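Shown next are two forms of a single protein chain, provided one at a time as structure tokens under the names structure 1 and structure 2.
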Structure 1
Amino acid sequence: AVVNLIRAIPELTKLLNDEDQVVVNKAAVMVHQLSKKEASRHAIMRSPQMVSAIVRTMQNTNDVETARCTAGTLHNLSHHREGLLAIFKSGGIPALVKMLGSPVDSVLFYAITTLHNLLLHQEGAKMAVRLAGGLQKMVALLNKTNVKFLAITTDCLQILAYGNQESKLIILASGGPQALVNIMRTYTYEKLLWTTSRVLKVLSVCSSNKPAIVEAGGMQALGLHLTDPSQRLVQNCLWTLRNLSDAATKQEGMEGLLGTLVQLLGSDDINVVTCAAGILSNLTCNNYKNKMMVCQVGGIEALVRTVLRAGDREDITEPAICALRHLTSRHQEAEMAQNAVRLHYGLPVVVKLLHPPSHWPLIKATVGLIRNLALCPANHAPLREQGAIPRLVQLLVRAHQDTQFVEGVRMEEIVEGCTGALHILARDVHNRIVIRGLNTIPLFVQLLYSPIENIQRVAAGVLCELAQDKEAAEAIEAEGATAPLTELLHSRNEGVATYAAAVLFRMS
């Protein structure tokens, strides 16, 4: 009796447009079943009206099954360029972004996966997602707990944020840093850790996102994975940690991170060595706690070995030397550190670094390290024997000449640094003879006239030490040092005033 049992697209498109929702729901199911077959797919993808109806129904329906079926249909069409284009041109992105707010998982999954496909292969998709407010929706979803979903969501964020300062700011405003750090500290799924580390790397170069990542516990979270078997993950964490380092010098609970970084200096991967050295240099800056920990785990030796391996590679020696500089001053184990640099055979290479081909940034740091090393009397003779004095004087003379930004460094800083190093080295009777013999007194007296308070201090300091010897005190007086030193008794700097009084007393 009932016959005709077993143009389909044009018929279904009409049904999805029906005002009757029960009809729309049933048609939605049929369309979805058809999207499962490649044959029926092309027919759907080629119909502008079909796609538009699917997109409209999805964002307007109140039926969960209809939302699921239409979202699933679009996902099925997203595997082909033609499908991606049709979805794109039919207003699919705003619709999909709206679906990211759905309380049903199946719908969210179809939406985020289809969006990822659009972002990867559809020209114009990134901009559309940003405009539609996708960034904000995605960050909000980072509190979900399905690790596969989180991996796709975070990668979408990476695609959208890469090379786009505005997107990074949006992510920041939506609380992205804290959510991303939470992921790093909570999950173990490598692909997610990796996609998430890529986002953090991108954000870490933003001056606004850097402080937010650090305060969220980012340094500690990234540090937790520096030993994971995934090389790509370790590298991403290291690069990110380095970018953030200059903003994490006030963080606590860095013990674990510092320990691993020191061990990483012993890596055969020069890129890992370079990053770890850079991170260590910044983390040891004005933080006695961090210096203590680094020294306790053999950091001095590791850093000396790093300098030796680096050779003339200044992208490795600068941070390694700066780090050694930080480790040799102002902390309970600074004295031990000053001795360790010597006991680990580092005095010769440190002095060598004062010579060409080293550039000013490295020389500046090296002078600073030698200044620290000189605080340890056992280093007085070794430093002299390696020729440190003559070179320091050479640098001083050159730098002073200029003062009468060079290669990125202010020569005034070199004058202050070399003269300070010489001031400390002059504590040694033998070094005083060498310093005196290089005809340095006239130059030291001239520095008393320096407009820089710190230069007058170290100049008076070295003259004070030199004046301990009669003949020297005589040479200092003959240079007309009396006049300026007397005026310096009125210095606002206690050190200057004190050193000046000491020299005046000795000249008499």
Structure 2
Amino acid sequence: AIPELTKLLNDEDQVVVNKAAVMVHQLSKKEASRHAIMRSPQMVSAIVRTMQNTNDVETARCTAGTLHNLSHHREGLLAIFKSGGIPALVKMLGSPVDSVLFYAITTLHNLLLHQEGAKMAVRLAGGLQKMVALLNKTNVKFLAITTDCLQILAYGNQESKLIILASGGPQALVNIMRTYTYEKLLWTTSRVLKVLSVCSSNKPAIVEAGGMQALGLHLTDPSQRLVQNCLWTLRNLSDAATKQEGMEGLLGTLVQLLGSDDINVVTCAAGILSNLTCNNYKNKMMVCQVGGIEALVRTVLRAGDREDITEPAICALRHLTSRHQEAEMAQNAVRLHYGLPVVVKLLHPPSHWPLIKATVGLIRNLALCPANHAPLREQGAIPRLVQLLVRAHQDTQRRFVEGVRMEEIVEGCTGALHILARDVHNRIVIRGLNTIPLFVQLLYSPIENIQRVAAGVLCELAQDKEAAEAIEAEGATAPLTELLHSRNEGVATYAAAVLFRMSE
């Protein structure tokens, strides 16, 4: 039966070929005759050739339908692959007949899912460009299959990601997220955007297409798989969304999600908020206005020693406690929502270096508010900051530990101490811990930012006569005179102030 029809498929008369195509299709519908077609590598080559070369609507439907039935089995998937069926199927994607299109996209889906070598074959056949072009179709079930194909092709393949970008992929995918409500489609499209959102080229494009706001629409959808993929993609994109506006709604939802029972939801919300509030005074304002400080302190308390939650949450708190209209109110709110004890706790083991760095920065900002000077002292912040500083300095003098340079710890701790030293009782504590020798040694640091905070803390201390004499006794006049000529105006200003107080 099989070689008879293979001879009729290779006929010079196309009429004979058309009649043979309808017969081969009906045979693919039964299991006995289907395995017969799959066992013959000469029959499968004829079906592929018939499909690619036919100009007849029915023959294209029957040859594509036949190949679809083979794709249900491992033997048939291997047959279509070895018979060069992938480029033939790709050609069928330009078909104005829906039934031909639906056979091709589903067969290609099956090949991409279970057949080795198929992802490379589809790329080489120009499949990516054809698939991106079809994203203007309005059938949500077809769109769901097409987008899933793009996900398979883009995953772990920076080449494919770049092609999707060039073909207007980001804009088309964002449109789907703004236009449809069909969950299965929203979810598959969000998975494509997730894959693309780790690409340094695709990321600014997705953000420019309005991807942050589009993904924000679906954060309260009942579907948890859709919410989570939106959250992952949002986190990936969030470091490139600094200039975006129309973010009020997203920012409000993210604060709400901080109270979620899902730790993955909490982690992502904290991380997105952290990125979006980094040096964006308008976003800082919005997050504070919708109860962001309270939400973040509660998050830090509940998270305990889970640093995947506390690190982004503490970073967000650091951003929200400086350089915006409501910064003062936020500094106070951290105290009023019982946050100061837990913030000091995070300076201690088992906290790793990324979290310690963030916590020190937050304490530095908290100390800008005088009402936090005494509670920070009472909660034990000064001795721990000094211990951190002393050891960090030693580590630099001997020589990235957990991605963090110990210079960053020196600068951070000295900076926090510089701000805490505005209070008279804090200066007593700082001086009593024998810090002046270390602060004077820091004047000789190659790093200008360290010289600035070291000079600043010495400047605060020297306002008390006893401390000024100790600073002088440490031979500080020599480094300080040299620092008067620093290209850093902050260093030079502070050095002059210390020298002044040492001369009376």
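Residue numbering: sequential along structure 1, first residue numbered 1. Rigid core (definition): largest C-alpha set, two forms, superposition within 1.5 Å.
The only C-alpha among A111, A310, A302, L353 that moves by 2 Å or more between structure 1 and structure 2, given a superposition on the rigid core, is that of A111. The two forms, fitted on the rigid core, differ between structure 1 and structure 2 by 2 Å or more at the CA of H80. Here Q332 does not count as shifted, since its C-alpha moves by less than 2 Å between structure 1 and structure 2 after the core is aligned. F149 shows a C-alpha shift of 2 Å or greater between structure 1 and structure 2 [criterion: core-superposed Cα displacement of 2 Å]. Its Cα shifted by 8.3 Å between structure 1 and structure 2, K37 is reported here after superposition on the rigid core.
Once the two forms are overlaid on the core, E166 shows a Cα shift of 2.0 Å between structure 1 and structure 2. Taking the core as reference, the Cα of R492 moves 1.0 angstrom between structure 1 and structure 2.
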